[PDB]
Amino acid sequence: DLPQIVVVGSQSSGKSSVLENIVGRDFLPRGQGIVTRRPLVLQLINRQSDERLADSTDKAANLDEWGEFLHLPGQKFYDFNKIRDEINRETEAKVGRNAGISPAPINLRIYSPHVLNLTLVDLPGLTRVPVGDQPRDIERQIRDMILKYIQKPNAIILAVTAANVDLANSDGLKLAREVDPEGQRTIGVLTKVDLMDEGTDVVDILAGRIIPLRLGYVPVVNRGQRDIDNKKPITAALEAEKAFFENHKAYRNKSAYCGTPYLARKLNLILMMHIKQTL
Ligand SMILES: Nc1nc2c(ncn2[C@@H]2O[C@H](COP(=O)(O)OP(=O)(O)O)[C@@H](O)[C@H]2O)c(=O)[nH]1
Ligand SMILES: [Mg+2]
């Protein structure tokens, strides 16, 4: 149907962290062995610019930003800690906790003056060894779920790989190549650039010398686990990401092509081009 950006990669590649960095505020459940177990179809809606904010545990809530769930019609979520709770609820309701997965999507809209018009689909990450109560063929079930999404020619494939692993072992690029070998609709993200072995960088990847992608790669820096535990706001994380690329010798002169702000503009631009070619 409509074009959308499907986020694919290994478990703990940083897929959920990228979505939070794009939104600008944290709203996804994490910790306690919690991972994405249902597709989150996230629709971001730009919207240029009190009793409704009375019972808010989110210090940043405001009337210009809120979320809406398709299965909870009429409700507007101004507190993003309740968005997290509801996502955790809907997931456990259909697939319990730390068990298998379900293809039933959770549909969430978020209005904001700070987001571009994008549709992103967070998919479960590939793992290799079952833990907890997972079915022993959990790897196959996740692969088959991903392929069903990215086989569709309207799907823009956001292949997420951690920069502190060998690019050639990327699950995201493998799956992207299986359905889109020419790279016509695959765009890469390189996370955890701040965790790279000292002396290494991703410049060779950006210059197309390893696994070329015509739509390119974008390096980013999301919140680390310490930042999550300390409740560091995404706004501060974005400031930290900007400073990282502007003071690193390898990225200083190319920093306009680094970071989540550029990724969002790039996804928005690619998404508009993809629509133009639909008749
Ligand atoms: N230092 C650092 N940690 C990151 C970065 N991106 C993600 N992480 C951490 O990597 C872990 C997995 O990230 P997450 O978004 O939950 O992974 P997912 O399973 O792909 O959605 C978490 O502990 C994140 O804090 C990054 O750019 N830098
Ligand atoms: Mg995830």
# chains A, B, ... in the order shown; residues from 1 in each chain; ligands from 1
call {"tool": "residues_around", "arguments": {"residues": "segment 131-140 of chain A", "least_positions_apart": "6", "cutoff": "12 Å", "atoms": "only C-alpha atoms", "output": "list in words"}}
result
residues 10, 11, 32, 33, 34, 35, 37, 95, 96, 97, 98, 99, 100, 101, 102, 124, 125, 146, 147 and 171 of chain A
call {"tool": "residues_near_ligand", "arguments": {"ligand": "ligand 2", "cutoff": "9 Å", "atoms": "only C-alpha atoms and all ligand atoms", "output": "PDB file with N, CA, C and O atoms, in the first residue's frame"}}
result
ATOM      1  N   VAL A   7      12.307  -0.775   9.654  1.00  0.00           N
ATOM      2  CA  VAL A   7      13.572  -0.763  10.382  1.00  0.00           C
ATOM      3  C   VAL A   7      13.963  -2.208  10.662  1.00  0.00           C
ATOM      4  O   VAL A   7      13.266  -2.916  11.397  1.00  0.00           O
ATOM      5  N   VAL A   8      15.077  -2.651  10.079  1.00  0.00           N
ATOM      6  CA  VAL A   8      15.510  -4.043  10.163  1.00  0.00           C
ATOM      7  C   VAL A   8      16.951  -4.094  10.648  1.00  0.00           C
ATOM      8  O   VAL A   8      17.774  -3.251  10.276  1.00  0.00           O
ATOM      9  N   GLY A   9      17.255  -5.097  11.463  1.00  0.00           N
ATOM     10  CA  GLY A   9      18.603  -5.290  11.957  1.00  0.00           C
ATOM     11  C   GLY A   9      18.628  -6.370  13.016  1.00  0.00           C
ATOM     12  O   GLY A   9      17.610  -6.991  13.334  1.00  0.00           O
ATOM     13  N   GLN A  11      19.045  -7.805  16.867  1.00  0.00           N
ATOM     14  CA  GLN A  11      18.623  -7.362  18.186  1.00  0.00           C
ATOM     15  C   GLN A  11      19.733  -6.543  18.835  1.00  0.00           C
ATOM     16  O   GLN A  11      20.912  -6.892  18.753  1.00  0.00           O
ATOM     17  N   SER A  12      19.348  -5.439  19.474  1.00  0.00           N
ATOM     18  CA  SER A  12      20.285  -4.532  20.135  1.00  0.00           C
ATOM     19  C   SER A  12      21.194  -3.813  19.139  1.00  0.00           C
ATOM     20  O   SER A  12      22.311  -3.423  19.484  1.00  0.00           O
ATOM     21  N   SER A  13      20.733  -3.634  17.901  1.00  0.00           N
ATOM     22  CA  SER A  13      21.442  -2.795  16.943  1.00  0.00           C
ATOM     23  C   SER A  13      21.224  -1.308  17.191  1.00  0.00           C
ATOM     24  O   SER A  13      21.969  -0.489  16.642  1.00  0.00           O
ATOM     25  N   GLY A  14      20.237  -0.946  18.002  1.00  0.00           N
ATOM     26  CA  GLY A  14      19.884   0.440  18.216  1.00  0.00           C
ATOM     27  C   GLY A  14      18.666   0.905  17.453  1.00  0.00           C
ATOM     28  O   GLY A  14      18.476   2.118  17.311  1.00  0.00           O
ATOM     29  N   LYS A  15      17.835  -0.018  16.966  1.00  0.00           N
ATOM     30  CA  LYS A  15      16.686   0.357  16.150  1.00  0.00           C
ATOM     31  C   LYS A  15      15.711   1.226  16.934  1.00  0.00           C
ATOM     32  O   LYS A  15      15.290   2.289  16.463  1.00  0.00           O
ATOM     33  N   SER A  16      15.328   0.784  18.134  1.00  0.00           N
ATOM     34  CA  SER A  16      14.407   1.575  18.943  1.00  0.00           C
ATOM     35  C   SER A  16      15.022   2.916  19.317  1.00  0.00           C
ATOM     36  O   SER A  16      14.325   3.937  19.357  1.00  0.00           O
ATOM     37  N   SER A  17      16.327   2.935  19.592  1.00  0.00           N
ATOM     38  CA  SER A  17      16.986   4.184  19.957  1.00  0.00           C
ATOM     39  C   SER A  17      16.929   5.199  18.822  1.00  0.00           C
ATOM     40  O   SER A  17      16.813   6.404  19.073  1.00  0.00           O
ATOM     41  N   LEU A  19      14.508   5.538  16.561  1.00  0.00           N
ATOM     42  CA  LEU A  19      13.167   6.108  16.520  1.00  0.00           C
ATOM     43  C   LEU A  19      12.986   7.171  17.596  1.00  0.00           C
ATOM     44  O   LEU A  19      12.402   8.231  17.342  1.00  0.00           O
ATOM     45  N   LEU A  28       9.543   4.444  24.348  1.00  0.00           N
ATOM     46  CA  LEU A  28       9.506   3.017  24.064  1.00  0.00           C
ATOM     47  C   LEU A  28       9.953   2.215  25.281  1.00  0.00           C
ATOM     48  O   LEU A  28      10.841   2.654  26.019  1.00  0.00           O
ATOM     49  N   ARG A  30      11.877  -0.433  27.575  1.00  0.00           N
ATOM     50  CA  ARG A  30      13.185  -1.070  27.545  1.00  0.00           C
ATOM     51  C   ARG A  30      13.555  -1.493  28.958  1.00  0.00           C
ATOM     52  O   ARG A  30      12.980  -1.019  29.941  1.00  0.00           O
ATOM     53  N   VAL A  35      12.164  -6.517  24.599  1.00  0.00           N
ATOM     54  CA  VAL A  35      12.528  -6.197  23.227  1.00  0.00           C
ATOM     55  C   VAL A  35      11.251  -6.043  22.412  1.00  0.00           C
ATOM     56  O   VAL A  35      10.157  -6.404  22.848  1.00  0.00           O
ATOM     57  N   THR A  36      11.407  -5.488  21.216  1.00  0.00           N
ATOM     58  CA  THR A  36      10.294  -5.356  20.289  1.00  0.00           C
ATOM     59  C   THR A  36       9.798  -6.737  19.881  1.00  0.00           C
ATOM     60  O   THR A  36      10.545  -7.522  19.290  1.00  0.00           O
ATOM     61  N   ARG A  37       8.537  -7.038  20.208  1.00  0.00           N
ATOM     62  CA  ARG A  37       7.937  -8.327  19.898  1.00  0.00           C
ATOM     63  C   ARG A  37       6.722  -8.228  18.987  1.00  0.00           C
ATOM     64  O   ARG A  37       6.238  -9.265  18.520  1.00  0.00           O
ATOM     65  N   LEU A  40       5.646  -2.145  15.488  1.00  0.00           N
ATOM     66  CA  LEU A  40       5.153  -0.828  15.868  1.00  0.00           C
ATOM     67  C   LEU A  40       5.118   0.034  14.613  1.00  0.00           C
ATOM     68  O   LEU A  40       6.166   0.458  14.115  1.00  0.00           O
ATOM     69  N   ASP A 122       8.879  -0.296  13.392  1.00  0.00           N
ATOM     70  CA  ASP A 122       9.870  -0.973  14.219  1.00  0.00           C
ATOM     71  C   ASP A 122       9.562  -2.464  14.239  1.00  0.00           C
ATOM     72  O   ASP A 122       8.478  -2.872  14.669  1.00  0.00           O
ATOM     73  N   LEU A 123      10.513  -3.277  13.773  1.00  0.00           N
ATOM     74  CA  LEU A 123      10.322  -4.714  13.720  1.00  0.00           C
ATOM     75  C   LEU A 123      11.227  -5.420  14.727  1.00  0.00           C
ATOM     76  O   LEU A 123      12.282  -4.896  15.096  1.00  0.00           O
ATOM     77  N   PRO A 124      10.838  -6.605  15.199  1.00  0.00           N
ATOM     78  CA  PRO A 124      11.722  -7.360  16.092  1.00  0.00           C
ATOM     79  C   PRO A 124      13.083  -7.593  15.459  1.00  0.00           C
ATOM     80  O   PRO A 124      13.211  -7.772  14.246  1.00  0.00           O
ATOM     81  N   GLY A 125      14.109  -7.586  16.302  1.00  0.00           N
ATOM     82  CA  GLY A 125      15.463  -7.807  15.846  1.00  0.00           C
ATOM     83  C   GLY A 125      15.814  -9.282  15.800  1.00  0.00           C
ATOM     84  O   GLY A 125      15.340 -10.080  16.604  1.00  0.00           O
TER      85      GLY A 125
END
call {"tool": "residues_around", "arguments": {"residues": "residue 262 of chain A", "least_positions_apart": "6", "cutoff": "10 Å", "atoms": "only C-alpha atoms", "output": "number ranges by chain"}}
result
A: 22, 218-220, 255-256, 268
call {"tool": "write_last_selection", "arguments": {"atoms": "N, CA, C and O atoms", "output": "PDB file, in the first residue's frame"}}
result
ATOM      1  N   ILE A  22      14.708  10.304  16.588  1.00  0.00           N
ATOM      2  CA  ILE A  22      13.967  11.026  15.557  1.00  0.00           C
ATOM      3  C   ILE A  22      12.779  11.755  16.170  1.00  0.00           C
ATOM      4  O   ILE A  22      12.520  12.923  15.855  1.00  0.00           O
ATOM      5  N   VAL A 218      24.175   6.717   7.100  1.00  0.00           N
ATOM      6  CA  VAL A 218      24.158   7.848   8.012  1.00  0.00           C
ATOM      7  C   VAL A 218      24.652   7.370   9.373  1.00  0.00           C
ATOM      8  O   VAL A 218      24.040   6.483   9.974  1.00  0.00           O
ATOM      9  N   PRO A 219      25.759   7.899   9.894  1.00  0.00           N
ATOM     10  CA  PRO A 219      26.158   7.571  11.267  1.00  0.00           C
ATOM     11  C   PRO A 219      25.403   8.407  12.288  1.00  0.00           C
ATOM     12  O   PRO A 219      25.077   9.572  12.057  1.00  0.00           O
ATOM     13  N   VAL A 220      25.121   7.786  13.439  1.00  0.00           N
ATOM     14  CA  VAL A 220      24.377   8.434  14.511  1.00  0.00           C
ATOM     15  C   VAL A 220      24.934   8.001  15.862  1.00  0.00           C
ATOM     16  O   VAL A 220      25.650   7.005  15.978  1.00  0.00           O
ATOM     17  N   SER A 255      30.155  16.717   8.888  1.00  0.00           N
ATOM     18  CA  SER A 255      29.158  16.581   9.945  1.00  0.00           C
ATOM     19  C   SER A 255      27.751  16.922   9.474  1.00  0.00           C
ATOM     20  O   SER A 255      26.782  16.527  10.131  1.00  0.00           O
ATOM     21  N   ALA A 256      27.611  17.649   8.364  1.00  0.00           N
ATOM     22  CA  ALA A 256      26.287  17.906   7.814  1.00  0.00           C
ATOM     23  C   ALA A 256      25.624  16.630   7.314  1.00  0.00           C
ATOM     24  O   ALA A 256      24.399  16.604   7.151  1.00  0.00           O
ATOM     25  N   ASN A 268      12.836  11.644   4.920  1.00  0.00           N
ATOM     26  CA  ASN A 268      11.700  12.399   4.406  1.00  0.00           C
ATOM     27  C   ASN A 268      11.853  12.668   2.916  1.00  0.00           C
ATOM     28  O   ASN A 268      10.879  12.598   2.159  1.00  0.00           O
TER      29      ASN A 268
END
call {"tool": "residues_around", "arguments": {"residues": "residue 224 of chain A", "least_positions_apart": "4", "cutoff": "12 Å", "atoms": "only C-alpha atoms", "output": "PyMOL selection string"}}
result
chain A and resi 12+14+17-18+21+191-195+228-234+237+240-241
call {"tool": "write_last_selection", "arguments": {"atoms": "N, CA, C and O atoms", "output": "CSV table (one decimal), in the first residue's frame"}}
result
chain,number,residue,atom,x,y,z
A,12,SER,N,19.3,-5.4,19.5
A,12,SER,CA,20.3,-4.5,20.1
A,12,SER,C,21.2,-3.8,19.1
A,12,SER,O,22.3,-3.4,19.5
A,14,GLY,N,20.2,-0.9,18.0
A,14,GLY,CA,19.9,0.4,18.2
A,14,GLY,C,18.7,0.9,17.5
A,14,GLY,O,18.5,2.1,17.3
A,17,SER,N,16.3,2.9,19.6
A,17,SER,CA,17.0,4.2,20.0
A,17,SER,C,16.9,5.2,18.8
A,17,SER,O,16.8,6.4,19.1
A,18,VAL,N,17.0,4.7,17.6
A,18,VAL,CA,16.9,5.7,16.4
A,18,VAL,C,15.6,6.3,16.4
A,18,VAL,O,15.5,7.5,16.1
A,21,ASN,N,15.3,9.0,19.0
A,21,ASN,CA,16.1,10.2,18.6
A,21,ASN,C,15.4,11.0,17.5
A,21,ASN,O,15.5,12.2,17.5
A,191,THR,N,25.0,2.9,13.9
A,191,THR,CA,24.8,3.3,15.3
A,191,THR,C,26.0,3.1,16.1
A,191,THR,O,27.0,2.4,15.7
A,192,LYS,N,26.0,3.6,17.4
A,192,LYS,CA,27.1,3.3,18.3
A,192,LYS,C,28.5,3.7,17.8
A,192,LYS,O,29.5,3.1,18.2
A,193,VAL,N,28.5,4.8,17.0
A,193,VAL,CA,29.8,5.3,16.6
A,193,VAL,C,30.7,5.7,17.7
A,193,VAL,O,31.9,5.6,17.6
A,194,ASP,N,30.1,6.1,18.8
A,194,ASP,CA,30.9,6.5,20.0
A,194,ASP,C,31.5,5.3,20.7
A,194,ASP,O,32.4,5.5,21.6
A,195,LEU,N,31.2,4.1,20.4
A,195,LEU,CA,31.7,2.9,21.0
A,195,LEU,C,32.7,2.2,20.2
A,195,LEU,O,33.1,1.0,20.5
A,228,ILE,N,20.2,6.2,29.6
A,228,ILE,CA,18.9,5.7,29.8
A,228,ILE,C,18.6,5.6,31.3
A,228,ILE,O,17.6,6.1,31.8
A,229,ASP,N,19.5,4.9,32.1
A,229,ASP,CA,19.2,4.7,33.5
A,229,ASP,C,19.2,6.1,34.2
A,229,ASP,O,18.4,6.2,35.2
A,230,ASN,N,19.9,7.1,33.8
A,230,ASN,CA,19.9,8.4,34.4
A,230,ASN,C,18.7,9.3,33.9
A,230,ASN,O,18.6,10.4,34.4
A,231,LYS,N,18.0,8.8,32.9
A,231,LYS,CA,16.8,9.5,32.4
A,231,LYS,C,17.3,10.8,31.6
A,231,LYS,O,16.6,11.8,31.7
A,232,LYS,N,18.4,10.7,30.9
A,232,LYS,CA,18.9,11.8,30.1
A,232,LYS,C,17.8,12.1,29.0
A,232,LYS,O,17.5,11.2,28.3
A,233,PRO,N,17.3,13.4,28.9
A,233,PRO,CA,16.4,13.7,27.9
A,233,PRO,C,17.0,13.5,26.5
A,233,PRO,O,18.2,13.8,26.3
A,234,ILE,N,16.2,13.1,25.5
A,234,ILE,CA,16.7,13.0,24.2
A,234,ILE,C,17.2,14.3,23.6
A,234,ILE,O,18.1,14.3,22.8
A,237,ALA,N,20.7,14.3,24.4
A,237,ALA,CA,21.4,13.3,23.6
A,237,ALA,C,21.7,13.9,22.2
A,237,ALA,O,22.7,13.6,21.7
A,240,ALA,N,24.5,16.2,22.3
A,240,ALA,CA,25.7,15.4,22.5
A,240,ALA,C,26.1,14.8,21.1
A,240,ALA,O,27.3,14.7,20.8
A,241,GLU,N,25.1,14.3,20.4
A,241,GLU,CA,25.5,13.7,19.1
A,241,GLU,C,26.0,14.7,18.1
A,241,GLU,O,27.0,14.5,17.4
call {"tool": "closest_atom_pairs", "arguments": {"of": "segment 77-114 of chain A", "to": "segment 58-61 of chain A", "cutoff": "7 Å", "atoms": "only C-alpha atoms", "output": "tab-separated table"}}
result
residue	atom	partner	partner_atom	distance
A:78	CA	A:61	CA	5.7
A:79	CA	A:58	CA	5.4
A:80	CA	A:58	CA	6.5
A:81	CA	A:58	CA	6.3
call {"tool": "write_last_selection", "arguments": {"atoms": "N, CA and C atoms", "output": "PDB file, in the first residue's frame"}}
result
ATOM      1  N   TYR A  78      -0.614  12.785  26.101  1.00  0.00           N
ATOM      2  CA  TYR A  78       0.372  13.847  26.256  1.00  0.00           C
ATOM      3  C   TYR A  78       1.575  13.404  27.074  1.00  0.00           C
ATOM      4  N   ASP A  79       1.400  12.410  27.940  1.00  0.00           N
ATOM      5  CA  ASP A  79       2.481  11.862  28.746  1.00  0.00           C
ATOM      6  C   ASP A  79       3.081  10.674  28.005  1.00  0.00           C
ATOM      7  N   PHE A  80       4.351  10.792  27.620  1.00  0.00           N
ATOM      8  CA  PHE A  80       5.002   9.734  26.858  1.00  0.00           C
ATOM      9  C   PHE A  80       5.370   8.530  27.714  1.00  0.00           C
ATOM     10  N   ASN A  81       5.313   8.652  29.042  1.00  0.00           N
ATOM     11  CA  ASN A  81       5.489   7.482  29.894  1.00  0.00           C
ATOM     12  C   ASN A  81       4.273   6.565  29.829  1.00  0.00           C
TER      13      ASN A  81
END
call {"tool": "closest_residue", "arguments": {"among": "A:201, A:246, A:239, A:20", "to": "ligand 1", "atoms": "only C-alpha atoms and all ligand atoms"}}
result
A:20
call {"tool": "closest_residue", "arguments": {"among": "A:127, A:43, A:119, A:75", "to": "ligand 1", "atoms": "only C-alpha atoms and all ligand atoms"}}
result
A:127
call {"tool": "residues_around", "arguments": {"residues": "residue 112 of chain A", "least_positions_apart": "5", "cutoff": "6 Å", "atoms": "only C-alpha atoms", "output": "list in words"}}
result
residues 46, 47 and 65 of chain A
call {"tool": "write_last_selection", "arguments": {"atoms": "N, CA, C and O atoms", "output": "compact mmCIF listing (two decimals), in the first residue's frame"}}
result
# COMPACT_ATOMS: atom_id res chain seq x y z
N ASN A 46 3.79 16.20 11.41
CA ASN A 46 4.18 17.56 11.75
C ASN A 46 2.95 18.41 12.03
O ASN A 46 1.95 18.33 11.32
N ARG A 47 3.04 19.24 13.07
CA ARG A 47 1.92 20.09 13.47
C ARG A 47 2.50 21.34 14.14
O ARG A 47 2.83 21.31 15.33
N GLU A 65 2.28 18.41 21.50
CA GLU A 65 2.73 17.06 21.19
C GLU A 65 1.87 16.06 21.94
O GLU A 65 1.61 16.23 23.13
call {"tool": "closest_residue", "arguments": {"among": "A:196, A:238, A:250, A:168", "to": "residue 211 of chain A", "atoms": "only C-alpha atoms"}}
result
A:168
call {"tool": "residues_around", "arguments": {"residues": "residue 42 of chain A", "least_positions_apart": "4", "cutoff": "8 Å", "atoms": "only C-alpha atoms", "output": "PyMOL selection string"}}
result
chain A and resi 107-110+119-122
call {"tool": "closest_residue", "arguments": {"among": "A:202, A:163, A:236, A:155", "to": "residue 179 of chain A", "atoms": "only C-alpha atoms"}}
result
A:155
call {"tool": "atom_distance", "arguments": {"atom1": "atom CA of residue 259 of chain A", "atom2": "atom CA of residue 63 of chain A"}}
result
27.5 Å
call {"tool": "select_by_dssp", "arguments": {"residues": "segment 68-217 of chain A", "states": "helix (DSSP H, G or I)", "output": "MDAnalysis selection string"}}
result
chainID A and resid 80:95 138:150 167:169 171:179 193:195 203:206
call {"tool": "write_last_selection", "arguments": {"atoms": "C-alpha atoms", "output": "short mmCIF file (atom, residue, chain, number, x, y, z; two decimals), in the first residue's frame"}}
result
data_model
loop_
_atom_site.label_atom_id
_atom_site.label_comp_id
_atom_site.auth_asym_id
_atom_site.auth_seq_id
_atom_site.Cartn_x
_atom_site.Cartn_y
_atom_site.Cartn_z
CA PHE A 80 5.00 9.73 26.86
CA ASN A 81 5.49 7.48 29.89
CA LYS A 82 1.92 6.28 29.30
CA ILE A 83 2.70 5.68 25.62
CA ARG A 84 5.50 3.40 26.80
CA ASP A 85 3.17 1.66 29.26
CA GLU A 86 0.46 1.08 26.65
CA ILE A 87 2.93 -0.34 24.11
CA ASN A 88 4.17 -2.70 26.83
CA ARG A 89 0.54 -3.58 27.60
CA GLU A 90 -0.62 -4.28 24.04
CA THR A 91 2.47 -6.43 23.48
CA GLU A 92 2.05 -8.60 26.59
CA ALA A 93 -1.68 -8.90 25.87
CA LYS A 94 -1.05 -10.75 22.59
CA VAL A 95 2.39 -12.34 23.05
CA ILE A 138 12.55 -17.71 16.90
CA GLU A 139 15.23 -16.69 14.39
CA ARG A 140 13.23 -18.09 11.46
CA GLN A 141 9.95 -16.58 12.69
CA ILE A 142 11.55 -13.13 12.90
CA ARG A 143 13.21 -13.46 9.48
CA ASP A 144 9.92 -14.50 7.87
CA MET A 145 8.11 -11.59 9.52
CA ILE A 146 10.70 -9.12 8.22
CA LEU A 147 10.62 -10.50 4.68
CA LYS A 148 6.82 -10.18 4.56
CA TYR A 149 7.23 -6.45 5.21
CA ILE A 150 10.23 -5.59 3.03
CA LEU A 167 29.61 -4.50 8.55
CA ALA A 168 29.76 -7.79 6.63
CA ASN A 169 27.89 -9.56 9.47
CA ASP A 171 21.60 -8.88 9.45
CA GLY A 172 19.93 -5.73 8.17
CA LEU A 173 22.06 -5.54 5.03
CA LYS A 174 21.69 -9.27 4.38
CA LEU A 175 17.90 -9.07 4.46
CA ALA A 176 17.90 -5.83 2.45
CA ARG A 177 20.05 -7.48 -0.22
CA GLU A 178 17.79 -10.55 -0.30
CA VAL A 179 14.80 -8.46 -1.44
CA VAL A 193 29.82 5.31 16.56
CA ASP A 194 30.89 6.50 20.02
CA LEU A 195 31.71 2.89 21.02
CA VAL A 203 34.54 6.79 6.74
CA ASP A 204 35.45 3.92 4.40
CA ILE A 205 31.82 2.77 4.64
CA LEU A 206 30.52 6.27 3.90
#
call {"tool": "residues_around", "arguments": {"residues": "residue 118 of chain A", "least_positions_apart": "2", "cutoff": "8 Å", "atoms": "only C-alpha atoms", "output": "ChimeraX atom specification"}}
result
/A:4-5,43-45,116,120,267-268,271
call {"tool": "write_last_selection", "arguments": {"atoms": "N, CA, C and O atoms", "output": "PDB file, in the first residue's frame"}}
result
ATOM      1  N   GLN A   4       6.416   3.193   3.303  1.00  0.00           N
ATOM      2  CA  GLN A   4       6.767   3.304   4.708  1.00  0.00           C
ATOM      3  C   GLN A   4       8.191   2.803   4.895  1.00  0.00           C
ATOM      4  O   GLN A   4       8.723   2.054   4.071  1.00  0.00           O
ATOM      5  N   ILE A   5       8.798   3.230   5.995  1.00  0.00           N
ATOM      6  CA  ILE A   5      10.188   2.923   6.308  1.00  0.00           C
ATOM      7  C   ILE A   5      10.201   1.777   7.312  1.00  0.00           C
ATOM      8  O   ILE A   5       9.682   1.911   8.425  1.00  0.00           O
ATOM      9  N   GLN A  43       3.552   6.556  12.993  1.00  0.00           N
ATOM     10  CA  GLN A  43       3.248   7.596  12.018  1.00  0.00           C
ATOM     11  C   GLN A  43       3.511   8.950  12.668  1.00  0.00           C
ATOM     12  O   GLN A  43       2.815   9.340  13.613  1.00  0.00           O
ATOM     13  N   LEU A  44       4.516   9.661  12.166  1.00  0.00           N
ATOM     14  CA  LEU A  44       4.879  10.975  12.678  1.00  0.00           C
ATOM     15  C   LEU A  44       4.201  12.045  11.834  1.00  0.00           C
ATOM     16  O   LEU A  44       4.250  11.994  10.601  1.00  0.00           O
ATOM     17  N   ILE A  45       3.575  13.010  12.501  1.00  0.00           N
ATOM     18  CA  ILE A  45       2.778  14.035  11.841  1.00  0.00           C
ATOM     19  C   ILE A  45       3.251  15.397  12.326  1.00  0.00           C
ATOM     20  O   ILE A  45       3.129  15.712  13.516  1.00  0.00           O
ATOM     21  N   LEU A 116       9.152  15.429  11.176  1.00  0.00           N
ATOM     22  CA  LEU A 116       8.781  15.443   9.773  1.00  0.00           C
ATOM     23  C   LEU A 116       7.756  14.346   9.515  1.00  0.00           C
ATOM     24  O   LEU A 116       7.595  13.419  10.312  1.00  0.00           O
ATOM     25  N   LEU A 120       7.254   4.978  10.089  1.00  0.00           N
ATOM     26  CA  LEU A 120       8.334   4.061  10.426  1.00  0.00           C
ATOM     27  C   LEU A 120       7.748   2.822  11.087  1.00  0.00           C
ATOM     28  O   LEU A 120       6.792   2.917  11.862  1.00  0.00           O
ATOM     29  N   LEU A 267      15.445  10.613   5.139  1.00  0.00           N
ATOM     30  CA  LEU A 267      14.311   9.703   5.027  1.00  0.00           C
ATOM     31  C   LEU A 267      13.093  10.417   4.460  1.00  0.00           C
ATOM     32  O   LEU A 267      12.379   9.869   3.612  1.00  0.00           O
ATOM     33  N   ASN A 268      12.836  11.644   4.920  1.00  0.00           N
ATOM     34  CA  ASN A 268      11.700  12.399   4.406  1.00  0.00           C
ATOM     35  C   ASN A 268      11.853  12.668   2.916  1.00  0.00           C
ATOM     36  O   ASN A 268      10.879  12.598   2.159  1.00  0.00           O
ATOM     37  N   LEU A 271      11.404   9.351   1.060  1.00  0.00           N
ATOM     38  CA  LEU A 271      10.011   8.924   1.107  1.00  0.00           C
ATOM     39  C   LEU A 271       9.164   9.705   0.110  1.00  0.00           C
ATOM     40  O   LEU A 271       8.264   9.143  -0.525  1.00  0.00           O
TER      41      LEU A 271
END
call {"tool": "closest_residue", "arguments": {"among": "A:129, A:165, A:221, A:115", "to": "ligand 1", "atoms": "only C-alpha atoms and all ligand atoms"}}
result
A:221
